[PDB]
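What follows is a short report on a single structure.
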Amino acid sequence: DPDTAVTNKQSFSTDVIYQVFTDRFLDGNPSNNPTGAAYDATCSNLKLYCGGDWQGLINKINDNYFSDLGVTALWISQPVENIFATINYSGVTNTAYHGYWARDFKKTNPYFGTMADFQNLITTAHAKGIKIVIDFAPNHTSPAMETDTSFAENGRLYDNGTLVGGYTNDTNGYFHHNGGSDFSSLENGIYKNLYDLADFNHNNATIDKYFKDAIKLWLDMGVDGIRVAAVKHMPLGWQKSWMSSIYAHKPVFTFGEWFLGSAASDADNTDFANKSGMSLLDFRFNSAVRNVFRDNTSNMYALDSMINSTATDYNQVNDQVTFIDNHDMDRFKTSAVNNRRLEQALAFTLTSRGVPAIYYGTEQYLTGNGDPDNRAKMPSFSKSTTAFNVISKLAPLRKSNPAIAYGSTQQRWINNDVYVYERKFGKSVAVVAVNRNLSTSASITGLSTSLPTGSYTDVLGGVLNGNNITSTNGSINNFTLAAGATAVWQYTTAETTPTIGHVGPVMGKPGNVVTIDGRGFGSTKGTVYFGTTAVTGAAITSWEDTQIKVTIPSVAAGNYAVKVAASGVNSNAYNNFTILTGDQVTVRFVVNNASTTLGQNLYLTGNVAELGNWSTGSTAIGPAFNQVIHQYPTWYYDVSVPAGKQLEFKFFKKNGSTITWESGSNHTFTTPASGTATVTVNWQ
Ligand SMILES: [Ca+2]
Ligand SMILES: [Ca+2]
Numbered sequence: 035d036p037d038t039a040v041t042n043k044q045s046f047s048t049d050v051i052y053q054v055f056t057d058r059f060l061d062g063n064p065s066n067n068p069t070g071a072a073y074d075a076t077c078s079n080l081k082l083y084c085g086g087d088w089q090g091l092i093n094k095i096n097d098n099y100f101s102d103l104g105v106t107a108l109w110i111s112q113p114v115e116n117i118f119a120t121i122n123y124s125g126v127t128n129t130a131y132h133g134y135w136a137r138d139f140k141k142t143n144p145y146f147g148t149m150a151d152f153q154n155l156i157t158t159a160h161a162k163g164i165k166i167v168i169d170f171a172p173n174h175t176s177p178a179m180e181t182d183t184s185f186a187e188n189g190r191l192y193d194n195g196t197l198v199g200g201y202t203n204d205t206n207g208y209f210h211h212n213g214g215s216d217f218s219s220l221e222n223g224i225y226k227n228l229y230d231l232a233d234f235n236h237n238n239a240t241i242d243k244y245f246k247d248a249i250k251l252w253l254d255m256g257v258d259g260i261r262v263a264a265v266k267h268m269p270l271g272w273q274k275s276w277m278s279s280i281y282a283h284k285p286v287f288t289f290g291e292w293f294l295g296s297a298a299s300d301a302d303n304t305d306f307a308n309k310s311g312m313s314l315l316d317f318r319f320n321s322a323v324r325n326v327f328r329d330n331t332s333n334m335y336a337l338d339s340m341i342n343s344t345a346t347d348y349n350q351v352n353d354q355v356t357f358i359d360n361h362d363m364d365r366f367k368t369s370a371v372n373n374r375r376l377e378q379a380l381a382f383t384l385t386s387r388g389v390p391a392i393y394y395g396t397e398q399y400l401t402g403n404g405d406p407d408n409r410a411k412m413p414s415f416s417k418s419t420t421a422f423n424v425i426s427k428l429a430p431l432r433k434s435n436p437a438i439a440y441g442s443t444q445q446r447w448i449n450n451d452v453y454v455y456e457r458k459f460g461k462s463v464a465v466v467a468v469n470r471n472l473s474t475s476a477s478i479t480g481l482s483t484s485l486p487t488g489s490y491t492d493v494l495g496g497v498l499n500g501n502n503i504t505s506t507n508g509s510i511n512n513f514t515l516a517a518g519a520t521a522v523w524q525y526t527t528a529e530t531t532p533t534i535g536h537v538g539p540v541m542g543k544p545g546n547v548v549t550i551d552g553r554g555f556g557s558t559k560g561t562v563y564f565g566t567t568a569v570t571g572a573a574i575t576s577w578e579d580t581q582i583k584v585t586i587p588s589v590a591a592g593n594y595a596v597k598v599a600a601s602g603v604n605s606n607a608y609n610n611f612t613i614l615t616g617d618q619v620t621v622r623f624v625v626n627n628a629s630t631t632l633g634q635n636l637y638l639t640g641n642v643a644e645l646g647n648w649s650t651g652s653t654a655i656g657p658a659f660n661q662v663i664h665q666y667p668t669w670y671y672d673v674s675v676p677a678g679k680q681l682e683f684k685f686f687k688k689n690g691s692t693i694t695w696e697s698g699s700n701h702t703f704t705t706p707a708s709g710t711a712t713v714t715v716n717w718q
């Protein structure tokens, strides 16, 4: 199979995700519409259900709307049975229309469709080569008051019909009853309630179990991707074991949302991308794209830096999911914002690095500020707009041109309102040119690309007032780029060298199988190098020019670079693959009596690669928490550690360069073969 083929769950770099709020798109079947309180036919009261559902998308896939737009994937609402109760928050009736106030993860949302309607979608989709991607919220159930069972469904979690338990009188401790997060730190954002939503207790072994079992269900119906919610509000440790269990079983591409407010590099957000075993929505690229194109607060320089810092921060920047907007900010088009500015923002995003998503009806230039006005009933299905045209012209290149799909990003020309940049993968090039200025045109003199000699026609055919150019050995002849114009001119040809485009997943134990997308690999089963170790023959499950699939060798766990060798010649090196010791379980380590100093923090390390392998660097886990579950001078932390292994660990205070250890002998611990566990040591 191709890297391109819908068959490929582990990479989305060649796709364009269409994100659609299921109930606001199209009501295909009206019999699975709510009754009364919870329902609005006319969808004027956006807090109510509007009747949209899975048969609605089906019908659209079939009359070629998605395929004509060129989107190759769809990201639907979390599908699980949500609370049926209507919650009246200060005068206004709220319904669980948005698919987030779940109540049974092992069942479907009847207003969206049945299990068979779900399967139906999976199939009408894969039929037209459109990958499906679901939302998933392992952080919580629904709203609830501990003093008040009467409020909503009191966070009640039912396992497949059978009630496991609600918020009030939670004798088992399935939930953090720690108050609600005030958000002053990371720690309080995790172990206290997200707003008024009943917070799961993951260190609880029923719930740890439930959630791994609830995703295998969905993966088994053939979802091709998982968009995780509120990842800043759950422990990384738990997210990592949950993930490793998924990759073990049915590796799909998984990206999470860690909300960010700016193009700025946030540390916890970056460490999350690199260590979690998942990718994130690209909130910092979003901040740049709105600043330069919508809001005129920043200029062409901002955009280029953002490109460069995200390229530097992220272990695999190409997995990150870019966007001009979504269901939690205001809609890009607003009355002052020009069409061409939305259109250029689209243009830009489709041609840029990472994985592009579009929130529904951006082809229809939809407005709506804040929530819910940013979530309206999808207005028309016209295939007539300039945004409709730009998306369908450009998003195909992600598949046909590997430079767009995996390539590098170079600046070739920039001033305050003009940006010309280049995407290159091996011999394939693409240059995008953009003048954001809607009144002055701009002479580009002295442009040098690494396009070969010839005349290159604007791929957009002039829909965005694109002109044509001529390369003479890269040097482009002088030209006026028009007002508000944008151009794309590209070049492809067959690679004849193994070159690793993508690898997915990037973290797993021995025995897991990964996918290596690329160009010029040939069809003669060669050798795959996990670092220094050749994998050959039968251990390689598939070998095709663009995609090799291969089992993880039983090497020591750690960070590895992956190379391919075809016909003797070796490919480029894809980095930061994480081989895990084995299966993982989340274990909470609690250290008492660990007084520190102003600004002295507490990490743990130990004898396995998951614990950093006696590191005091970026692999030592830390810093530990010490305000919510346990408090100073006790310190605690949740780690992803390997199932049933004896561990040797020690805590240490790190100040500047002053690492200062635990005295005595190493502490030791044998982990469970499944689940979660807790261990408590006294700082010695
Ligand atoms: Ca319906
Ligand atoms: Ca939480």
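For the sequence shown, the UniProt record's numbering assigns the number 35 to the initial residue and increments by one for each residue that follows. A virtual CB, placed ideally from N, CA and C, is assigned to each residue, including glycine.
Residue i Cβ short of 7 Å to ligand 1 heavy atom set
i: residue 720; result: Since the displayed the chain opens at 35 and closes at 718, residue 720 lies outside it and no answer follows.
i: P144; result: no
i: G86; result: yes
i: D61; result: yes
i: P64; result: yes
i: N154; result: no
i: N116; result: no
i: residue 2; result: This structure leaves residue 2 out entirely; the chain is present only between 35 and 718.
i: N67; result: yes
Cβ neighbour criterion (16 or more within 10 Å) applied to residue i
i: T533; result: buried
i: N303; result: buried
i: residue 31; result: The chain is shown only over 35 to 718; residue 31 falls outside these bounds and no answer can be derived.
i: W695; result: exposed
i: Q153; result: exposed
i: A301; result: exposed
i: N235; result: buried
i: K94; result: buried
i: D233; result: buried
i: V323; result: buried
i: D97; result: exposed
i: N660; result: buried
i: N435; result: buried
i: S462; result: buried
i: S482; result: exposed
i: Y490; result: buried
is_contact[residue i, chain D] using C-beta, thresh 8 Å
i: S332; result: Here there is only one protein chain, and chain D is not present.
Rounded Cβ spacing between residue i and residue j (contact assumed at less than 8 Å)
i: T158; j: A71; result: Incorrect: roughly 32 Å between the Cβ atoms, too far for contact.
i: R432; j: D37; result: 11 Å between Cβ atoms; not a contact.
i: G388; j: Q354; result: 4 Å
i: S674; j: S275; result: 5 Å
i: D102; j: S426; result: 7 Å
i: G535; j: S601; result: Actually they are not in contact, since the Cβ atoms of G535 and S601 sit about 18 Å apart, beyond 8 Å.
i: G571; j: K559; result: 7 Å
i: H210; j: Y225; result: 5 Å
i: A336; j: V351; result: About 17 Å separates the two Cβ atoms, so there is no contact after all.
i: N546; j: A282; result: 6 Å
Closer than 7 Å between the C-beta and any heavy atom of ligand 2: which residues qualify, listed along the chain? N173, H174, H210, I224, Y225, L228, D233, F234, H267, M268
Beta strand (DSSP E) segments (min. 3 residues) lying fully within the stretch 220-263: Restricted to the stretch 220-263, the beta strand (DSSP E) segments that are unbroken, complete and at least 3 residues in length are 231-234, 259-262, listed in chain order.
Identify every run of the alpha helix (DSSP H) within the UniProt region "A1" (35-172), keeping only runs that are complete inside it and at least 4 residues long; order them along the chain. For the UniProt region "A1" (35-172), whole alpha helix (DSSP H) runs of length 4 or above, ordered along the chain, are 56-59, 88-96, 99-103, 149-161.
Run through the stretch 585-646 for me and flag every whole beta strand (DSSP E) of 3 or more residues, listed as ranges in chain order. 592-600, 608-613, 618-626, 635-640
In chain order, what are the residue ranges of uninterrupted beta strand (DSSP E) at least 3 long that sit wholly in the stretch 384-440? With a minimum length of 3 residues, the unbroken runs of beta strand (DSSP E) contained wholly in the stretch 384-440 fall at 389-393.
3-residue-minimum beta strand (DSSP E) runs that sit fully inside the stretch 511-563, ordered along the chain: Listed in chain order, the complete beta strand (DSSP E) runs (minimum 3 residues) inside the stretch 511-563 are 513-515, 520-525, 533-538, 547-553.
Those runs of the alpha helix (DSSP H) which lie wholly inside the stretch 322-381 and span at least 4 residues: 334-347
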